[PDB]
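Source file protein.cif; content: mmCIF, C-alpha atoms.
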data_query
#
loop_
_atom_site.label_atom_id
_atom_site.label_comp_id
_atom_site.auth_asym_id
_atom_site.auth_seq_id
_atom_site.Cartn_x
_atom_site.Cartn_y
_atom_site.Cartn_z
CA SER A 1 0.00 0.00 0.00
CA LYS A 2 2.17 2.83 -1.44
CA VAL A 3 0.92 5.84 0.62
CA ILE A 4 -2.01 7.66 -1.10
CA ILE A 5 -1.94 11.46 -0.91
CA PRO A 6 -5.62 12.40 -1.53
CA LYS A 7 -6.60 15.10 -4.00
CA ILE A 8 -8.70 18.16 -3.01
CA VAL A 9 -12.28 18.61 -4.20
CA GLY A 10 -13.46 22.21 -3.70
CA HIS A 11 -16.89 21.90 -2.06
CA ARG A 12 -19.20 24.28 -3.95
CA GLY A 13 -15.97 25.98 -5.02
CA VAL A 14 -13.81 27.60 -2.36
CA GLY A 15 -16.24 26.03 0.07
CA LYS A 16 -16.55 27.74 3.47
CA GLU A 17 -13.41 29.86 3.03
CA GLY A 18 -14.00 33.63 3.26
CA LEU A 19 -13.17 34.69 -0.27
CA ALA A 20 -16.44 34.11 -2.21
CA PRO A 21 -20.09 32.86 -2.09
CA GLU A 22 -20.86 29.16 -2.65
CA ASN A 23 -21.59 27.89 -6.20
CA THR A 24 -20.53 31.18 -7.73
CA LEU A 25 -18.15 31.60 -10.74
CA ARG A 26 -15.75 33.75 -8.66
CA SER A 27 -15.53 30.79 -6.30
CA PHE A 28 -14.72 28.31 -9.11
CA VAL A 29 -12.30 30.72 -10.84
CA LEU A 30 -10.54 31.18 -7.49
CA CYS A 31 -10.16 27.41 -7.20
CA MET A 32 -8.33 27.20 -10.52
CA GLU A 33 -6.09 30.15 -9.72
CA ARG A 34 -5.09 28.47 -6.41
CA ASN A 35 -4.36 25.38 -8.56
CA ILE A 36 -6.95 23.02 -6.88
CA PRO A 37 -7.61 20.04 -9.14
CA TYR A 38 -11.35 19.37 -8.61
CA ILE A 39 -14.52 21.13 -7.59
CA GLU A 40 -17.92 19.82 -6.57
CA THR A 41 -21.06 21.69 -7.66
CA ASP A 42 -24.82 21.26 -7.42
CA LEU A 43 -26.96 20.88 -10.59
CA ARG A 44 -30.63 21.88 -10.63
CA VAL A 45 -32.98 22.74 -13.51
CA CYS A 46 -34.81 26.09 -13.68
CA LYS A 47 -38.24 26.91 -15.12
CA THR A 48 -37.08 27.60 -18.72
CA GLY A 49 -35.10 24.35 -19.13
CA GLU A 50 -31.46 25.17 -18.46
CA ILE A 51 -29.10 23.65 -15.89
CA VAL A 52 -28.15 26.03 -13.10
CA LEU A 53 -25.68 25.78 -10.16
CA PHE A 54 -27.28 26.07 -6.68
CA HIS A 55 -27.60 23.96 -3.50
CA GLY A 56 -30.14 25.83 -1.39
CA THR A 57 -31.99 24.45 1.60
CA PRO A 58 -32.71 20.72 2.41
CA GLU A 59 -35.86 21.12 0.24
CA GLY A 60 -34.41 23.19 -2.64
CA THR A 61 -35.49 26.66 -1.43
CA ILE A 62 -33.71 29.97 -2.18
CA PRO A 63 -33.31 31.50 1.34
CA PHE A 64 -32.34 35.02 0.12
CA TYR A 65 -34.98 35.43 -2.64
CA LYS A 66 -38.34 37.00 -1.67
CA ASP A 67 -40.10 35.22 1.28
CA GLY A 68 -37.20 32.79 1.11
CA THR A 69 -40.01 30.99 -0.59
CA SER A 70 -39.07 29.80 -4.11
CA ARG A 71 -37.50 26.63 -5.60
CA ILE A 72 -35.26 26.82 -8.72
CA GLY A 73 -37.76 24.93 -10.89
CA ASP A 74 -39.97 27.98 -10.36
CA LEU A 75 -37.73 30.57 -12.00
CA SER A 76 -36.57 31.57 -15.48
CA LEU A 77 -32.85 31.79 -16.25
CA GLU A 78 -32.94 35.60 -16.45
CA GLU A 79 -34.62 36.20 -13.06
CA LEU A 80 -32.05 33.81 -11.55
CA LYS A 81 -29.22 35.76 -13.17
CA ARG A 82 -30.68 38.79 -11.39
CA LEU A 83 -30.11 37.55 -7.83
CA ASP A 84 -27.45 38.53 -5.36
CA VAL A 85 -25.82 35.65 -3.52
CA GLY A 86 -22.59 37.17 -2.20
CA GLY A 87 -21.86 40.87 -2.22
CA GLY A 88 -21.77 41.18 -5.98
CA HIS A 89 -21.88 37.64 -7.45
CA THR A 90 -24.75 35.75 -9.05
CA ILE A 91 -26.27 32.29 -9.71
CA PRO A 92 -24.44 30.77 -12.71
CA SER A 93 -25.69 28.30 -15.34
CA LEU A 94 -23.70 25.17 -16.13
CA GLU A 95 -22.65 26.62 -19.49
CA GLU A 96 -21.17 29.76 -17.85
CA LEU A 97 -18.82 27.56 -15.85
CA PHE A 98 -17.83 25.61 -18.94
CA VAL A 99 -17.23 28.80 -20.87
CA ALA A 100 -15.23 30.03 -17.79
CA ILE A 101 -13.09 26.89 -17.82
CA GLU A 102 -12.56 27.01 -21.61
CA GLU A 103 -11.07 30.53 -21.66
CA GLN A 104 -8.80 29.36 -18.85
CA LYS A 105 -5.91 26.82 -19.28
CA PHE A 106 -6.05 24.86 -15.96
CA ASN A 107 -7.24 21.26 -16.34
CA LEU A 108 -9.96 21.55 -13.66
CA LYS A 109 -12.13 18.47 -13.41
CA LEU A 110 -15.65 18.59 -11.93
CA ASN A 111 -17.91 16.66 -9.60
CA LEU A 112 -21.51 17.45 -10.55
CA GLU A 113 -24.18 16.49 -8.01
CA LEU A 114 -27.66 15.97 -9.42
CA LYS A 115 -29.55 17.80 -6.66
CA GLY A 116 -32.67 16.08 -7.48
CA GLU A 117 -36.30 16.52 -7.36
CA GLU A 118 -36.45 15.61 -11.06
CA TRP A 119 -33.19 14.01 -12.10
CA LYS A 120 -35.14 10.93 -11.12
CA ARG A 121 -37.87 11.79 -13.64
CA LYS A 122 -38.21 9.60 -16.77
CA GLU A 123 -37.43 11.61 -19.73
CA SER A 124 -37.98 15.28 -19.06
CA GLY A 125 -35.18 15.98 -21.55
CA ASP A 126 -33.03 16.86 -18.54
CA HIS A 127 -30.31 14.24 -18.93
CA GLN A 128 -29.82 14.72 -22.65
CA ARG A 129 -29.72 18.47 -22.05
CA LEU A 130 -26.96 17.81 -19.60
CA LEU A 131 -24.98 15.40 -21.74
CA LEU A 132 -25.13 17.41 -24.96
CA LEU A 133 -24.03 20.45 -22.97
CA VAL A 134 -21.08 18.52 -21.60
CA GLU A 135 -19.95 17.38 -25.06
CA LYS A 136 -20.60 20.76 -26.62
CA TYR A 137 -17.68 21.81 -24.40
CA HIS A 138 -15.64 18.64 -24.90
CA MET A 139 -15.93 18.19 -21.14
CA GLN A 140 -16.67 14.42 -21.33
CA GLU A 141 -13.33 13.33 -19.84
CA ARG A 142 -13.29 16.01 -17.08
CA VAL A 143 -16.73 15.41 -15.53
CA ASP A 144 -17.98 12.94 -12.94
CA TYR A 145 -21.71 12.84 -12.06
CA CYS A 146 -22.92 11.90 -8.60
CA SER A 147 -26.08 11.62 -6.51
CA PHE A 148 -27.61 10.23 -3.34
CA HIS A 149 -30.34 8.90 -5.60
CA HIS A 150 -28.70 6.28 -7.81
CA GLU A 151 -31.59 5.86 -10.15
CA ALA A 152 -30.80 9.32 -11.51
CA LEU A 153 -27.33 8.20 -12.56
CA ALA A 154 -28.72 5.10 -14.30
CA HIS A 155 -30.60 7.44 -16.65
CA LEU A 156 -27.35 9.08 -17.70
CA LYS A 157 -25.64 5.72 -18.14
CA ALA A 158 -28.64 4.65 -20.27
CA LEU A 159 -28.03 7.47 -22.78
CA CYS A 160 -24.30 7.35 -22.60
CA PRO A 161 -22.51 4.41 -20.84
CA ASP A 162 -19.14 6.22 -21.08
CA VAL A 163 -20.16 8.78 -18.50
CA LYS A 164 -18.23 8.66 -15.25
CA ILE A 165 -20.39 8.35 -12.11
CA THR A 166 -19.79 8.29 -8.37
CA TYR A 167 -22.38 6.78 -6.07
CA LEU A 168 -23.00 8.97 -3.00
CA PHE A 169 -23.79 7.25 0.31
CA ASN A 170 -25.14 8.05 3.78
CA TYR A 171 -28.14 9.93 2.41
CA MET A 172 -29.92 10.86 5.63
CA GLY A 173 -27.23 9.59 7.91
CA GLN A 174 -28.04 6.13 6.65
CA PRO A 175 -25.14 3.86 7.49
CA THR A 176 -23.24 2.58 4.50
CA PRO A 177 -25.12 -0.55 3.37
CA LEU A 178 -23.35 -3.93 3.37
CA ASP A 179 -23.73 -4.08 -0.42
CA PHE A 180 -22.42 -0.58 -1.10
CA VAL A 181 -19.55 -1.84 -3.19
CA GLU A 182 -21.72 -4.30 -5.10
CA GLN A 183 -24.23 -1.53 -5.78
CA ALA A 184 -21.68 0.78 -7.33
CA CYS A 185 -20.18 -1.88 -9.62
CA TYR A 186 -23.52 -3.18 -10.76
CA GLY A 187 -24.48 0.43 -11.48
CA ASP A 188 -21.18 0.85 -13.31
CA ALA A 189 -20.00 3.59 -10.97
CA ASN A 190 -16.26 4.13 -10.90
CA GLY A 191 -16.25 5.68 -7.43
CA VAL A 192 -18.01 5.91 -4.07
CA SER A 193 -18.39 8.90 -1.79
CA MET A 194 -19.11 8.83 1.93
CA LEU A 195 -19.77 11.20 4.76
CA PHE A 196 -16.82 11.63 7.04
CA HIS A 197 -18.54 10.60 10.30
CA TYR A 198 -19.67 7.23 8.70
CA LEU A 199 -16.40 6.00 7.14
CA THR A 200 -14.31 3.00 8.20
CA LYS A 201 -10.78 1.95 7.28
CA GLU A 202 -12.39 -1.33 6.19
CA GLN A 203 -14.88 0.33 3.78
CA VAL A 204 -12.01 2.15 2.02
CA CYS A 205 -10.44 -1.36 1.54
CA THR A 206 -13.55 -3.09 0.32
CA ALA A 207 -13.83 -0.27 -2.18
CA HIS A 208 -10.14 -0.39 -3.14
CA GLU A 209 -10.09 -4.15 -3.57
CA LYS A 210 -12.68 -3.70 -6.34
CA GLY A 211 -10.60 -0.87 -7.82
CA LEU A 212 -13.20 1.80 -6.99
CA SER A 213 -12.14 5.28 -5.84
CA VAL A 214 -13.16 6.69 -2.43
CA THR A 215 -14.06 10.28 -1.70
CA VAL A 216 -14.64 11.73 1.76
CA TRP A 217 -17.57 14.11 1.81
CA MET A 218 -17.78 16.97 4.34
CA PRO A 219 -21.36 18.19 4.79
CA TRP A 220 -21.72 21.92 4.63
CA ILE A 221 -22.73 21.82 8.35
CA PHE A 222 -19.26 20.54 9.27
CA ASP A 223 -16.15 22.69 9.51
CA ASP A 224 -13.37 20.25 8.62
CA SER A 225 -10.03 21.01 10.23
CA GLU A 226 -6.50 19.50 10.45
CA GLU A 227 -7.68 16.90 12.97
CA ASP A 228 -10.02 15.37 10.38
CA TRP A 229 -7.58 15.50 7.54
CA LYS A 230 -5.24 13.51 9.74
CA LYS A 231 -7.89 10.78 9.89
CA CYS A 232 -8.58 11.08 6.16
CA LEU A 233 -4.92 10.15 5.50
CA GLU A 234 -5.11 7.28 8.01
CA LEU A 235 -8.15 6.10 6.03
CA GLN A 236 -6.23 6.38 2.73
CA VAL A 237 -9.15 7.92 0.78
CA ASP A 238 -8.52 9.14 -2.80
CA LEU A 239 -10.26 12.52 -2.65
CA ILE A 240 -11.58 14.85 0.01
CA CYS A 241 -14.52 17.06 -0.65
CA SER A 242 -13.45 19.78 1.79
CA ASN A 243 -15.18 22.90 3.07
CA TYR A 244 -11.72 24.38 3.49
CA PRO A 245 -9.69 23.45 0.38
CA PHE A 246 -7.02 26.15 0.99
CA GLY A 247 -6.56 24.82 4.55
CA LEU A 248 -6.50 21.29 3.18
CA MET A 249 -3.89 22.23 0.56
CA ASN A 250 -1.84 24.05 3.22
CA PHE A 251 -2.02 20.91 5.32
CA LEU A 252 -1.05 18.49 2.50
CA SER A 253 1.92 20.83 2.04
CA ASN A 254 3.39 19.13 5.10
#
The structure given in the file should be rewritten as structure tokens.
Amino acid sequence: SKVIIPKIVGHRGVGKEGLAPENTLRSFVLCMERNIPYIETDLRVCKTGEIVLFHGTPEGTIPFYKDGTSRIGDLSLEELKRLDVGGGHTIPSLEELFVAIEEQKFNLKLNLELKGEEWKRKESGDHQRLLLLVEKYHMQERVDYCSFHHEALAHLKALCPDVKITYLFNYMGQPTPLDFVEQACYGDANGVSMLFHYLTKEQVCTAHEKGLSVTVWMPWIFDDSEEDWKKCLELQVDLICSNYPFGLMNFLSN
């Protein structure tokens, strides 16, 4: 077991660092600049069809907009691109990020979460919209799709088996199931992703013995610090979806 140094995934961009609002282009740009190899972002579909980047509350609300009352599926692209998130930055589309990346030269790769009322839905047009968008930016080999709801991934796989997918576990604090590794293979996932509090040395092994990659996931609620990263290394995970990528990088320095 030649020691694995894990790679950083920027949670919603620069994550919980000061410098920019979550799921905002300035956040993703900043991640490239600081030379961080991956970011995670949250895909949802807005009223007029297009794929937008936004987590929002446990039930897909937009806390800052109006009564704090609306879901993304309620709003046109234009109205969405007229909302303040941070002091000055705005909700991006998926295309805007692609465009961003393309004018750049850093080989950023992405983890796209299908934040999913209706990724589960049998054809809306949603998955083809996604895929065609990806390939219209020759992003096929730099994009990994993930979800807590694995049926959503199957729909991608159905249209294009080449797509790379990571199965996400511990949905509502559910313990990792015994069959988690069988699930992911059967579903033709190349990786698994687990919440930090629910992750064993032995699960990392199970996963590695079947040549699947393992990603530690830090919920937004959780401020990951050096103490946790220490355990991450002990675990020998492949990637860490950190809320403090710059801290994580500064750590891995040593």
Residue members of the PyMOL selection byres ((chain A and resi 173) around 12) in the file shown, as number ranges by chain: A: 148, 168-172, 174-177, 194-199, 219
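Between residue 36 (chain A) and the candidates A:57, A:236, A:225, A:107, the tightest atom-to-atom separation, counting all atoms listed in the file, involves A:107.
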Residues within 8 Å of (-19.2, -1.5, 4.3), counting only C-alpha atoms, listed as a list in words: residues 176, 177, 178, 179, 180, 181, 200, 202, 203 and 206 of chain A
Expected answer as a list in words: all residues with atoms within 7 Å of (-39.6, 30.8, -12.7), all atoms listed in the file: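 Those residues, ordered by chain and then number, are residues 46, 47, 73, 74, 75 and 76 of chain A.
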Residue with smallest distance to residue 21 (chain A) - pool A:233, A:72, A:85, A:77, counting all atoms listed in the file: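 Among the listed residues, A:85 lies closest to residue 21 (chain A).
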Once N, CA and C atoms are restored for region 68-96 of chain A, what would the output be as a CSV table (one decimal), keeping the file's coordinate frame?
chain,number,residue,atom,x,y,z
A,68,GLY,N,-38.1,33.9,1.0
A,68,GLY,CA,-37.2,32.8,1.1
A,68,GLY,C,-38.0,31.6,0.6
A,69,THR,N,-38.9,31.9,-0.3
A,69,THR,CA,-40.0,31.0,-0.6
A,69,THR,C,-39.9,30.1,-1.8
A,70,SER,N,-39.0,30.4,-2.8
A,70,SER,CA,-39.1,29.8,-4.1
A,70,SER,C,-38.1,28.7,-4.3
A,71,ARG,N,-38.5,27.7,-5.1
A,71,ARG,CA,-37.5,26.6,-5.6
A,71,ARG,C,-37.0,27.0,-7.0
A,72,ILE,N,-35.9,26.4,-7.4
A,72,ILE,CA,-35.3,26.8,-8.7
A,72,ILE,C,-36.2,26.5,-9.9
A,73,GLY,N,-36.8,25.4,-9.9
A,73,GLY,CA,-37.8,24.9,-10.9
A,73,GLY,C,-38.9,25.9,-11.1
A,74,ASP,N,-39.0,26.9,-10.3
A,74,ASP,CA,-40.0,28.0,-10.4
A,74,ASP,C,-39.5,29.1,-11.3
A,75,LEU,N,-38.2,29.3,-11.5
A,75,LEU,CA,-37.7,30.6,-12.0
A,75,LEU,C,-37.1,30.4,-13.4
A,76,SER,N,-37.2,31.5,-14.2
A,76,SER,CA,-36.6,31.6,-15.5
A,76,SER,C,-35.1,31.7,-15.2
A,77,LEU,N,-34.3,31.5,-16.3
A,77,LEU,CA,-32.8,31.8,-16.2
A,77,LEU,C,-32.5,33.3,-15.9
A,78,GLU,N,-33.2,34.2,-16.6
A,78,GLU,CA,-32.9,35.6,-16.4
A,78,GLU,C,-33.2,36.1,-15.0
A,79,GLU,N,-34.3,35.8,-14.4
A,79,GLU,CA,-34.6,36.2,-13.1
A,79,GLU,C,-33.6,35.7,-12.1
A,80,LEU,N,-33.1,34.4,-12.4
A,80,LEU,CA,-32.0,33.8,-11.6
A,80,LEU,C,-30.7,34.5,-11.7
A,81,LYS,N,-30.4,35.0,-12.9
A,81,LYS,CA,-29.2,35.8,-13.2
A,81,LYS,C,-29.5,37.2,-12.8
A,82,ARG,N,-30.5,37.5,-12.0
A,82,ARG,CA,-30.7,38.8,-11.4
A,82,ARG,C,-30.9,38.6,-9.9
A,83,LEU,N,-30.1,37.7,-9.3
A,83,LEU,CA,-30.1,37.6,-7.8
A,83,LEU,C,-28.7,37.7,-7.2
A,84,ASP,N,-28.7,38.4,-6.1
A,84,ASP,CA,-27.4,38.5,-5.4
A,84,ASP,C,-27.4,37.3,-4.5
A,85,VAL,N,-26.2,36.7,-4.5
A,85,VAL,CA,-25.8,35.6,-3.5
A,85,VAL,C,-24.8,36.2,-2.5
A,86,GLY,N,-23.6,36.5,-3.0
A,86,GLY,CA,-22.6,37.2,-2.2
A,86,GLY,C,-22.7,38.6,-2.5
A,87,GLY,N,-21.9,39.5,-1.9
A,87,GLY,CA,-21.9,40.9,-2.2
A,87,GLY,C,-21.3,41.1,-3.6
A,88,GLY,N,-22.2,40.9,-4.6
A,88,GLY,CA,-21.8,41.2,-6.0
A,88,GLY,C,-21.8,40.0,-7.0
A,89,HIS,N,-21.9,38.8,-6.5
A,89,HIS,CA,-21.9,37.6,-7.4
A,89,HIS,C,-23.2,37.0,-7.6
A,90,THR,N,-23.4,36.2,-8.7
A,90,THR,CA,-24.8,35.8,-9.0
A,90,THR,C,-24.9,34.3,-9.4
A,91,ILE,N,-26.1,33.7,-9.4
A,91,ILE,CA,-26.3,32.3,-9.7
A,91,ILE,C,-25.9,32.0,-11.2
A,92,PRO,N,-24.9,31.1,-11.4
A,92,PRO,CA,-24.4,30.8,-12.7
A,92,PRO,C,-25.3,29.6,-13.3
A,93,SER,N,-25.2,29.5,-14.6
A,93,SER,CA,-25.7,28.3,-15.3
A,93,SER,C,-24.6,27.3,-15.4
A,94,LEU,N,-24.8,26.1,-16.0
A,94,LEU,CA,-23.7,25.2,-16.1
A,94,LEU,C,-22.8,25.7,-17.2
A,95,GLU,N,-23.4,26.1,-18.3
A,95,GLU,CA,-22.6,26.6,-19.5
A,95,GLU,C,-21.7,27.7,-19.1
A,96,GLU,N,-22.1,28.7,-18.3
A,96,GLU,CA,-21.2,29.8,-17.8
A,96,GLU,C,-19.9,29.2,-17.2
